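Naming: A, B, ... by sequence-line order, numbering from 1 per chain.
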Amino acid sequence: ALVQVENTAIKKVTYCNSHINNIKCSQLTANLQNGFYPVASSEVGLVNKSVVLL
Amino acid sequence: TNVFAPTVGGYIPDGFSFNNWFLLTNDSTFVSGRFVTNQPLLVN
Amino acid sequence: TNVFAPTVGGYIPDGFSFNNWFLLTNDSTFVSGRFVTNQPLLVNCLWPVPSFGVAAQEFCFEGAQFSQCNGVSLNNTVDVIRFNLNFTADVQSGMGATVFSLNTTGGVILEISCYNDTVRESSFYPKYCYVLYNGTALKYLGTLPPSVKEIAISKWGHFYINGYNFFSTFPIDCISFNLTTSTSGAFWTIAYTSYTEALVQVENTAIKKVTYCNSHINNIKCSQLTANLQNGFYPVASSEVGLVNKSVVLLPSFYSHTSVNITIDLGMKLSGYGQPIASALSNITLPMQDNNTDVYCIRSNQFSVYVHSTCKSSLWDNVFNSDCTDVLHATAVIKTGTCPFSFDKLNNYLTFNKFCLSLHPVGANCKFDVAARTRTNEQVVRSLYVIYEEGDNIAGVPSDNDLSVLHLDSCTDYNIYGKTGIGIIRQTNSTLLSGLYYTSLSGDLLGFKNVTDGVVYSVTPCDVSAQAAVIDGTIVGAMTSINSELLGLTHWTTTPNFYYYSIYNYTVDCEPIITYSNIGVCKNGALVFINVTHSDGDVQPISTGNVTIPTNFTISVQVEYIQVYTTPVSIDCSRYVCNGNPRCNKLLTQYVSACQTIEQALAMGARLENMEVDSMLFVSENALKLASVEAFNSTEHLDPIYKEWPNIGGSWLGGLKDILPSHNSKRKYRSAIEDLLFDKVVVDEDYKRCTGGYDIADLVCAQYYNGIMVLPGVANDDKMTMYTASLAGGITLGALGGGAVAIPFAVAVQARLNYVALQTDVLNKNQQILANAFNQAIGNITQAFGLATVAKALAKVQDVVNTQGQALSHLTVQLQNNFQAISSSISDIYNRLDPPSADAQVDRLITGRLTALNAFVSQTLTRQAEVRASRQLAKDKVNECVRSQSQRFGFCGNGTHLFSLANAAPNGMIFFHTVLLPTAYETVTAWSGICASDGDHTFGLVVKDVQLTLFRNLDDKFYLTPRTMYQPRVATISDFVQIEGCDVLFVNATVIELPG
Ligand SMILES: *[C@@H]1O[C@H](CO)[C@@H](O[C@@H]2O[C@H](CO)[C@@H](O[C@@H]3O[C@H](CO[C@H]4O[C@H](CO)[C@@H](O)[C@H](O)[C@@H]4O)[C@@H](O)[C@H](O[C@H]4O[C@H](CO)[C@@H](O)[C@H](O)[C@@H]4O)[C@@H]3O)[C@H](O)[C@H]2NC(C)=O)[C@H](O)[C@H]1NC(C)=O
Ligand SMILES: *[C@@H]1O[C@H](CO)[C@@H](O[C@@H]2O[C@H](CO)[C@@H](O[C@@H]3O[C@H](CO)[C@@H](O)[C@H](O[C@H]4O[C@H](CO)[C@@H](O)[C@H](O)[C@@H]4O)[C@@H]3O)[C@H](O)[C@H]2NC(C)=O)[C@H](O)[C@H]1NC(C)=O
Ligand SMILES: *[C@@H]1O[C@H](CO)[C@@H](O[C@@H]2O[C@H](CO)[C@@H](O[C@@H]3O[C@H](CO)[C@@H](O)[C@H](O[C@H]4O[C@H](CO)[C@@H](O)[C@H](O)[C@@H]4O)[C@@H]3O)[C@H](O)[C@H]2NC(C)=O)[C@H](O)[C@H]1NC(C)=O
Ligand SMILES: *[C@@H]1O[C@H](CO)[C@@H](O[C@@H]2O[C@H](CO)[C@@H](O[C@@H]3O[C@H](CO)[C@@H](O)[C@H](O)[C@@H]3O)[C@H](O)[C@H]2NC(C)=O)[C@H](O)[C@H]1NC(C)=O
Ligand SMILES: *[C@@H]1O[C@H](CO)[C@@H](O[C@@H]2O[C@H](CO)[C@@H](O[C@@H]3O[C@H](CO)[C@@H](O)[C@H](O)[C@@H]3O)[C@H](O)[C@H]2NC(C)=O)[C@H](O)[C@H]1NC(C)=O
Ligand SMILES: *[C@@H]1O[C@H](CO)[C@@H](O[C@@H]2O[C@H](CO)[C@@H](O)[C@H](O)[C@H]2NC(C)=O)[C@H](O)[C@H]1NC(C)=O
Ligand SMILES: *[C@@H]1O[C@H](CO)[C@@H](O[C@@H]2O[C@H](CO)[C@@H](O)[C@H](O)[C@H]2NC(C)=O)[C@H](O)[C@H]1NC(C)=O
Ligand SMILES: *[C@@H]1O[C@H](CO)[C@@H](O[C@@H]2O[C@H](CO)[C@@H](O)[C@H](O)[C@H]2NC(C)=O)[C@H](O)[C@H]1NC(C)=O
Ligand SMILES: *[C@@H]1O[C@H](CO)[C@@H](O[C@@H]2O[C@H](CO)[C@@H](O)[C@H](O)[C@H]2NC(C)=O)[C@H](O)[C@H]1NC(C)=O
Ligand SMILES: *[C@@H]1O[C@H](CO)[C@@H](O[C@@H]2O[C@H](CO)[C@@H](O)[C@H](O)[C@H]2NC(C)=O)[C@H](O)[C@H]1NC(C)=O
Ligand SMILES: *[C@@H]1O[C@H](CO)[C@@H](O[C@@H]2O[C@H](CO)[C@@H](O)[C@H](O)[C@H]2NC(C)=O)[C@H](O)[C@H]1NC(C)=O
Ligand SMILES: *[C@@H]1O[C@H](CO)[C@@H](O[C@@H]2O[C@H](CO)[C@@H](O)[C@H](O)[C@H]2NC(C)=O)[C@H](O)[C@H]1NC(C)=O
Ligand SMILES: *[C@@H]1O[C@H](CO)[C@@H](O[C@@H]2O[C@H](CO)[C@@H](O)[C@H](O)[C@H]2NC(C)=O)[C@H](O)[C@H]1NC(C)=O
Ligand SMILES: *[C@@H]1O[C@H](CO)[C@@H](O[C@@H]2O[C@H](CO)[C@@H](O)[C@H](O)[C@H]2NC(C)=O)[C@H](O)[C@H]1NC(C)=O
Ligand SMILES: CCCCCC/C=C\CCCCCCCC(=O)O
Ligand SMILES: CCCCCC/C=C\CCCCCCCC(=O)O
Ligand SMILES: CCCCCC/C=C\CCCCCCCC(=O)O
Ligand SMILES: *[C@@H]1O[C@H](CO)[C@@H](O)[C@H](O)[C@H]1NC(C)=O
Ligand SMILES: *[C@@H]1O[C@H](CO)[C@@H](O)[C@H](O)[C@H]1NC(C)=O
Ligand SMILES: *[C@@H]1O[C@H](CO)[C@@H](O)[C@H](O)[C@H]1NC(C)=O
Ligand SMILES: *[C@@H]1O[C@H](CO)[C@@H](O)[C@H](O)[C@H]1NC(C)=O
Ligand SMILES: *[C@@H]1O[C@H](CO)[C@@H](O)[C@H](O)[C@H]1NC(C)=O
Ligand SMILES: *[C@@H]1O[C@H](CO)[C@@H](O)[C@H](O)[C@H]1NC(C)=O
């Protein structure tokens, strides 16, 4: 999560649980200015294995 | 108030005050700023 | 003279010549330059020895016993003894062949004896010099060269002859000598000296000036690598911290202490050459734990470590049954080895979660080195392995006893929760609800919390950075953040941003010498406020009511410097990366692409700037014929219709003689200001001399040897000089298509004045005032070059030259980087390793040098782009201020531009802009128009030229004047435009009283 701290005290906790929240956590801010942001198309997991040898 | 109701997935509502909640550390304590951290904040 | 009298503290006077004094080195000798070095130049006592005199003494270094000292004699220990005499073959010794008798540690006596015949090794008796131990030749030193001028002997056994350490003996306790000479002029000196830090200037391997860093101003001089400091601000430290208490803060714990004693039994033998050899059969005993004495783990909360050593002797049979004698006596020590901590620092409040000492290598994180230290050497005999885990449960303490001691409101060395430093610890009122301690972004401790009551303490540095103001080589003030005295200053004043200490009497109207922003420092140290510049204001295009027009004009000259070109460099990438080594070239054949990219970038940059510069410069033959002081001082080229004028220069020549080229110049077409700027701010570009080998190569030849070629630039300077001369001479060229017909400079100035404003006073003209103002301004500028604009121009040229030099200096010095290799020399690597092992070493050097070249190329390209923009600005300035008069307001300097001249400067040019400065205003009643009435027909008249102001004279006649200069003229009907309506601000008039 992205946590804001003032005088060693938590003020705001943004969880990186959605795509927009992922962008917010990547930009280190919970208020995003209008614009274009680089992201990943998707996430890869649980794939098969291929082995090719001589 | 110190009592909050966890949303779906166990996330603290944005209206909380964190009066008795701190950041866990093994070193020095951040005084001010914004940090992306892995903290025990998923309230089951 | 060779005799000097030491000042207070033992410092050599500034008037010395250092005829027989050299810099001591273990390597190569600096040929020229300034260096901050720790050298034995603190003269405690100087014994002068006259001609035919005898100097006989036995000196112990821990015994400042002295015989004769011309001057005060110090009471400190002596480190080096120097004999400054011509040690030729005509110097007699009272001990016979022996010149020096050395008593070393342990009572061993060594002699330095010269003989007239060669002595074989381990035997007994042009001069051949030897080191004798017991009457036998131990070391051959060589024949005495004819040019020995100083012999320096250090207490650690090193001998320096003419500055170079040629041999080292054992550490010496006492030195007996007995010398006499007759050809040593009048006096030769024996100096007892101690090491000190100083800035030394060296020219041709000879000392010229020694500045000791013994005062605050001398500290600044040593920091700036110069003994002449320019006026300005320099960063310094507020004070120095020493002899402070210690504070330790740790988490609460039980107090149980364990003493760990390591017993080391060393075995020693005598080798065949008499050297004490420590046996590997030495034994290590740890405290007993679980029936074992080979592994010991700390099981308490606090511990201390101690070592006990015993010594035994053997007879080459490993049977230790005797007691170590004086030669074979050794003491056991423990050295760091590969561990991240030292054994002697374990009792320095180091914290662990687990700490075990073992005699077996398995499972160990690191190992210590157990060594035996003799009177001469130190030999490793065993290994003690350490298994440790980082944490805070177990702490090493100096001794058995609360460990929490805190000193407040004073400088102290603190160890708080594992963080160590020097600082002042204070108690604050703040309440931070989280954490134990706090650090800054750089990792420095800022505050910590007491775990008993929750009080937060802050930590600040003991000393802070300050700014010292230096004017005329003395400290007159200091800006600081602490209200404490510093740098010898006592009086102080308070500023909203800092404290200012000064030599001025603080419980001011003065001209500030050094200024920044709104802060100024005067010569007497007073602090003054610098406000923004004030001016009367800009003339407004108003033609209604009472308006002011500038009338009385003087001449102001403003100087501006603009850079036009850089100093281009060609680099041979292969020669820079590989110093001609064929194997390195074969390796670099795999990186050839990087070298190609570097060369292509540099060559393209140079070609583009040459193309840019080529299209900018031009000359005219007829203009160059008139461009000289001699031509302006004669009437040979004047048109016969100017017979009244004595010459071209006229009254302006007094100012033009410093700008135009003259025959009294070092180079062709060179003027006085150009010579001053090329000599007061700034060599040989012949490459044929570098390969001659007739002397030691200089910096430029060495850089060439490294593959760094500075391209020719004298031609560009000559082209710029001829360009500026032709521009200056074209002002007075009457016609273009024929010969060199000239007009007086006054006529050209009058044409420029008419361009500024149409001159209506043909008879009463005063150009003498303008010429005198111009002459005085040029004289002041010339004096200043050998006036803020002149200072700014000088600073700009100096900065350009310094940056250009440093860019190449950094690249050249990058060749001594090892880049994590055994050596920075490729030939050295290939002379010590097999090619398979040497290629890996050479690869690192190749990569590092390629990275350095890439950085240099990037910086060069950025500089070139900046200079390209500057060159565009300079071209605009030449076109719109020198070759014409620009209509742009304020472009050619502050004021009404009249004309500009140009001269060549290092890497660019300087412009003299001549402007009109008003000294008075005329007030007139201006009208925006005339409402003319002719009975029933009423119509308005407006001024056709919007840049003219219409007013009325005393005789009720309408006049027009420009607003740049007050040049009134009678208005005519052709100067007006007729319109239907009238404005309220118009002046009423009849048809009879209209102009024209
Ligand atoms: C661009 O170029 C213009 C000139 O073309 C500069 O303008 C001049 O700037 C100077 C400096 O500010 C001005 O000079 C000052 O004028 C003040 C007014 O003078 C009164 O007294 C004189 C007496 O002879 C009268 O003639 C005048 O009418 C006024 O009644 C002076 O008070 C100033 O005195 C300075 O020296 C004294 C003695 O040390 C100090 O006590 C003062 O504090 C002060 O430092 C000063 O002489 C000048 O008037 C301006 N001229 C014009 C035409 O505007 C611009 O400043 C320059 N711009 C830049 C950015 O450089
Ligand atoms: C201060 O330092 C201590 C160590 O000195 C550190 O404690 C560490 O905590 C992490 C968790 O935050 C532990 O990591 C785990 O490792 C075990 C292996 O023994 C794994 O099984 C765990 O993984 C699973 O569990 C997670 C929780 O359910 C899942 O999210 C995860 O996907 C896996 O399913 C886990 O990664 C680690 O072992 C200790 N280290 C120790 C005990 O030495 C502590 O976090 C530090 N405190 C800080 C940084 O605030
Ligand atoms: C050439 O290299 C040699 C070494 O091969 C080098 O000799 C070194 O000289 C320095 C002094 O210049 C010696 O350093 C000393 O170390 C001893 C420990 O044995 C210290 O006790 C000394 O410190 C005290 O003494 C100083 C003088 O009174 C004080 O100023 C100081 O504050 C201390 O009180 C001292 O630091 C060093 O041991 C030798 N090295 C040896 C003998 O191996 C020599 O300097 C080099 N020559 C150059 C660089 O011109
Ligand atoms: C490049 O062009 C410049 C400018 O046109 C040339 O300058 C000219 O140089 C010559 C040779 O020095 C000068 O002629 C000689 O001058 C001396 C003066 O003492 C005199 O003794 C000779 O009778 C002769 O006139 C010439 O005046 C000069 N021209 C100008 C306009 O200043 C320059 O030579 C050219 N360079 C080359 C390599 O061609
Ligand atoms: C730098 O510029 C200043 C500008 O003032 C020059 O000072 C001026 O110099 C001239 C020529 O020497 C002085 O003229 C003389 O004035 C006296 C007094 O009226 C008179 O008796 C002489 O017959 C002569 O006319 C002028 O007064 C003087 N001005 C001031 C204010 O001092 C100075 O010379 C320039 N410096 C250089 C190196 O050119
Ligand atoms: C230093 O050497 C000189 C000679 O250069 C020594 O003076 C000699 O002393 C011996 C012994 O008394 C005499 O027999 C000689 O006649 C002396 N020679 C001269 C020329 O005077 C002197 O003693 C030595 N000084 C010492 C060792 O301190
Ligand atoms: C060389 O120095 C040694 C060590 O200082 C001198 O030997 C000392 O001589 C004095 C004479 O009174 C004795 O008291 C010391 O006990 C001796 N020290 C040792 C370790 O034996 C020796 O005399 C010197 N040699 C000379 C000056 O020629
Ligand atoms: C060593 O000899 C040199 C000459 O070889 C002496 O230096 C010369 O001193 C005389 C007398 O003052 C000067 O006239 C010469 O110009 C000097 N020559 C130079 C500086 O090269 C030097 O004084 C002698 N040194 C000692 C200690 O006697
Ligand atoms: C270190 O300890 C070993 C083992 O006790 C010692 O070696 C023994 O020395 C004694 C006395 O000379 C001999 O009788 C034994 O035969 C030796 N044993 C072995 C295995 O060689 C050794 O002397 C000690 N080293 C010291 C004290 O420096
Ligand atoms: C942390 O605070 C405690 C509590 O104030 C300090 O302990 C006090 O020490 C003073 C001076 O010796 C005693 O007079 C008090 O009685 C103590 N109070 C207690 C024990 O409750 C302690 O010194 C502080 N720690 C540091 C490192 O300053
Ligand atoms: C412009 O200034 C002039 C003076 O330079 C002013 O004329 C004077 O005005 C005063 C005030 O009314 C009279 O007492 C004087 O007799 C006038 N002098 C002359 C010679 O006429 C004039 O009023 C100003 N003009 C404006 C438009 O403000
Ligand atoms: C311009 O030429 C004149 C005339 O030759 C120079 O004035 C002469 O200067 C010399 C010294 O160089 C004096 O001895 C003469 O008496 C001067 N003659 C006069 C004043 O008639 C003048 O210096 C030259 N100006 C320059 C070169 O700027
Ligand atoms: C411009 O300068 C001229 C020349 O100095 C000034 O005219 C002189 O001013 C002085 C000082 O008041 C008088 O004594 C003279 O009688 C004036 N001479 C003439 C011919 O008028 C003039 O005042 C200045 N201009 C302004 C607007 O102040
Ligand atoms: C020029 O003359 C005209 C015409 O008389 C003036 O305009 C008059 O202004 C007064 C006030 O000053 C008004 O009461 C009248 O009604 C205006 N008359 C008209 C016909 O509009 C004007 O003021 C005069 N201008 C100057 C500068 O004196
Ligand atoms: C798959 C790649 C597609 C590329 C499409 C490019 C479209 C948008 C990129 C905009 C980036 C320009 C910088 C401005 C970013 C901003 O406004 O915050
Ligand atoms: C405790 C900090 C106080 C800061 C006060 C700043 C005053 C002077 C700094 C001047 C530095 C500007 C650069 C120019 C230096 C120079 O002229 O040599
Ligand atoms: C399980 C019962 C409580 C645990 C007791 C631990 C003992 C000492 C506490 C040490 C930590 C002190 C932290 C300071 C807290 C603060 O003042 O903000
Ligand atoms: C892996 O391959 C199998 C068939 O061999 C397929 O059924 C399965 O979906 C694959 N898994 C993936 C793509 O994650
Ligand atoms: C050295 O001098 C001695 C004494 O005069 C002499 O006997 C000897 O032959 C000399 N040696 C040489 C090589 O000249
Ligand atoms: C030194 O030489 C002398 C003279 O031969 C001899 O008696 C003495 O034993 C020697 N000393 C040493 C330590 O060899
Ligand atoms: C250390 O503290 C003692 C008192 O415990 C004090 O007398 C002494 O001056 C201090 N030393 C310093 C500040 O250097
Ligand atoms: C360890 O050595 C110390 C001295 O350093 C001594 O006082 C102590 O008694 C020793 N402990 C033992 C031998 O257990
Ligand atoms: C500074 O001036 C005061 C009076 O303002 C005077 O008493 C004092 O002695 C002076 N201090 C010096 C000159 O150091």
Side-chain angles (χ1 to χ4, degrees), chain C residues 25-31 33 158 164-168 335-340 361 365-367 369 371 377-380 383 569-585 587-588 591-603 687 690-693 696-710 807-808 810-826 828-836 838-860:
Chain C
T25 181
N26 286 334
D27 307 299
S28 108
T29 304
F30 295 131
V31 181
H158 312 293
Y164 184 78
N165 186 4
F166 282 99
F167 54 107
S168 302
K335 307 164 62 180
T336 307
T338 65
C339 285
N365 314 118
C366 69
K367 62 171 185 179
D369 280 329
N377 68 35
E378 195 168 278
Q379 315 168 25
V380 179
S383 298
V569 142
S570 180
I571 293 182
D572 200 336
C573 184
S574 57
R575 186 163 301 278
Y576 182 85
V577 173
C578 304
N579 200 10
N581 198 280
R583 325 202 225 172
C584 187
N585 292 327
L587 294 179
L588 191 64
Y591 302 94
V592 61
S593 58
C595 277
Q596 183 269 330
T597 304
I598 288 163
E599 265 143 53
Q600 206 260 294
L602 286 178
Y687 271 115
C690 288
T691 57
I696 305 302
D698 47 318
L699 177 63
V700 180
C701 288
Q703 286 180 355
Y704 176 63
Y705 297 159
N706 293 321
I708 306 154
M709 271 155 311
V710 177
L808 283 179
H810 183 72
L811 181 65
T812 308
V813 89
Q814 277 305 309
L815 278 174
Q816 293 177 335
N817 200 332
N818 282 245
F819 294 110
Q820 290 339 317
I822 64 170
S823 180
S824 60
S825 179
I826 304 174
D828 274 10
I829 293 179
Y830 278 121
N831 271 303
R832 268 120 75 150
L833 291 172
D834 287 334
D839 288 0
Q841 302 289 335
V842 172
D843 175 275
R844 305 209 252 251
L845 290 176
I846 287 180
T847 54
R849 294 173 184 186
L850 286 177
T851 303
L853 279 182
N854 284 329
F856 177 79
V857 164
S858 300
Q859 186 173 175
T860 297

- Item | Heavy-atom check, side chain of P835(C) versus side chain of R583(C), under 4.5 Å | yes
- Message: Is there a side-chain contact between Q859(C) and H810(C) in this structure, where contact means two heavy atoms from C-beta onward sitting under 4.5 Å apart?
- Response: no
- side-chain contact (heavy atoms from CB on, under 4.5 Å) between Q379(C) and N377(C), intermediate numbers included: CA-CA 7 Å; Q379(C) 315 168 25; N377(C) 68 35; 2.9 Å; yes
- Note on the structure: All heavy atoms of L811(C) vs all of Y576(C), minimum pair found to be O-OH, 2.9 Å
- Task: Taking all non-hydrogen atoms of both residues into account, name the closest pair between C595(C) and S574(C) and its distance.
- Result: SG-N, 4.2 Å
- Task: Look up atom CG in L588(C) and atom CG in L845(C), then write down how far apart they are to the nearest 0.5 Å.
- Result: 12.0 Å
- Atom CZ in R844(C), atom CD1 in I829(C): separation rounded to 0.5 Å? 9.0 Å
- For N706(C) and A702(C), indicate whether the former's side chain and the latter's backbone hold a donor-acceptor pair under 3.5 Å. yes
- Message: Rounded to the nearest 0.5 Å, what separates atom SG in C578(C) from atom CD1 in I846(C)?
- Response: 4.5 Å
- Task: Please round to the nearest 0.5 Å and tell me the distance separating atom OH of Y164(C) and atom CG of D27(C).
- Result: 7.5 Å
- Query: Looking only at heavy atoms, which two atoms of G337(C) and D369(C) are closest? And how far apart?
  - Reply: CA-OD2, 3.4 Å
- Note on the structure: Nearest heavy-atom approach of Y705(C) to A697(C) is CE1-CB, 3.8 Å
- Going through the distances and angles, do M709(C) and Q703(C) end up as a side-chain contact (heavy atoms from CB on, under 4.5 Å)? CA-CA 7 Å; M709(C) 271 155 311; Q703(C) 286 180 355; over 6 Å; no
- Message: Once rounded to the nearest 0.5 Å, what's the spacing between atom CZ of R849(C) and atom CG of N817(C)?
- Response: 9.5 Å
- Is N579(C) reaching over with its side chain to a backbone N or O of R575(C), donor-acceptor style, under 3.5 angstrom? no
- Query: Rounded to the nearest 0.5 Å, how far apart are CG of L853(C) and OG1 of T597(C)?
  - Reply: 11.5 Å
- Note on the structure: Note: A807(C) and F856(C) closest approach over all heavy atoms is O-CE1, 3.7 Å
- Query: If we only count heavy atoms from C-beta on, is the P340(C) to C366(C) side-chain gap below 4.5 Å?
  - Reply: yes
- Task: Carefully, step by step, assess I708(C) and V569(C) under the rule side-chain contact (heavy atoms from CB on, under 4.5 Å).
- Result: CA-CA 7 Å; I708(C) 306 154; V569(C) 142; 4.2 Å; yes
- What pair of heavy atoms forms the shortest contact from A601(C) to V857(C), and how long is it? CB-CG1, 3.9 Å
- Item | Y704(C) side chain to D572(C) side chain, donor-acceptor N/O pair below 3.5 angstrom | no
- Does the side chain of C573(C) reach to within under 4.5 Å of the side chain of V592(C), using non-hydrogen atoms? no
- Message: Is it the case that the side chains of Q841(C) and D839(C) hold a donor-acceptor pair, with the cut-off being a distance below 3.5 Å and no angle test?
- Response: no
- Task: Check the pair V577(C) / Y591(C) against side-chain contact (heavy atoms from CB on, under 4.5 Å), numbers first and verdict last.
- Result: CA-CA 11 Å; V577(C) 173; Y591(C) 302 94; over 6 Å; no
